[PDB]
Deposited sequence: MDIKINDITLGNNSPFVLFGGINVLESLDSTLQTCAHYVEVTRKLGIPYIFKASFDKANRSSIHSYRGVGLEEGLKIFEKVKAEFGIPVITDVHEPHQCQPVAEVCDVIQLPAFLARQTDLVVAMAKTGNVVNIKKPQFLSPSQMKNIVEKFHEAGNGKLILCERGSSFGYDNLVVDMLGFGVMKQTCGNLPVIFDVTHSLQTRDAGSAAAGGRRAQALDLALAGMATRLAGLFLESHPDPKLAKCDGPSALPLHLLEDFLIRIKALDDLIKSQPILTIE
């Protein structure tokens, strides 16, 4: 099942889509500059691109580290990104009250892994009618994603994306089970599956190996965060090379 996000086709058998940007919206000029560079590189390589950032990072390293610009200023920044570059945007939501105002501006709204089973937030997100990215919790097995998917379907929304970010592996460590992608495809109606390589890690050699491994299984998209910015092009050339190959061959 494919999902149209403006003029982009997202699907497990379509050219991969890059979800990328910055961790926290900190500033207007810096967000536009970072986005500009993603846009330049992705346009150069013909890779569909969705800009990603959080306006309210609810899980932070210290209690007083900057949470981000907040809802109202964040949505203004997202508006400017869309106007300037003509691209879709993605951001997370943490409270039901945020869902409507965020969905009015943003093309994809994201369900944070730690809130993945909060029924109130799931219903509130489903009822926006927006395309939704479901972050798979590290403590949740790939077969348990259909339970989240069914809660969205009950509440009236089937425009869902499932996002791998790794699995708990002993203490303080993550492993990405490459078979999980297929389990999610076969148990959740072949909805688009994307891979958050950044949060699946802990290094640029690791990210590349892990991204290539993932994309070899035939995925709708790759999800990353950047600070290295200038090595983006070399990275994407490799991802595109593998994706073009995999996608050019019929499924067996």
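- Residues 203-213, 239-252, 278-280 of the deposited sequence, counted from 1, carry no C-alpha coordinates in the model.
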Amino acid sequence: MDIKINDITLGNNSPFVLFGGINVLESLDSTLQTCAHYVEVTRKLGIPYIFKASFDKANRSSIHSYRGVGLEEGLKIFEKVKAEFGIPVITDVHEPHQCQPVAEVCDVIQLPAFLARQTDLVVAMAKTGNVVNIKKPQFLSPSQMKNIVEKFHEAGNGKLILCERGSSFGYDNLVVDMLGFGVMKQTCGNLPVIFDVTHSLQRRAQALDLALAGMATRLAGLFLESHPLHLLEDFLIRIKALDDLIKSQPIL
From here on, numbers count along this sequence of modelled residues.
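- Higher mean CA temperature factor, per the PDB entry, when comparing 112-120 with 158-166: 112-120.
- Stretch comparison (129-137 versus 147-155) by mean CA B-factor in the PDB entry places 147-155 on top.
- Based on the entry's C-alpha B-factors, the most elevated value among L242, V17, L236, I22 belongs to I22.
- Split the chain's modelled residues into thirds by C-alpha temperature factor. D172 is in the highest one.
- Compared with the other modelled residues of the chain, the Cα B-factor recorded for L201 ranks in the highest third.
- For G182, the recorded CA temperature factor ranks within the middle third of the chain's modelled residues.
- Ranked against the other modelled residues of its chain, the C-alpha B-factor of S61 as given in the entry falls in the highest third.
- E72: CA B factor lies in the highest third for its chain, per the PDB record.
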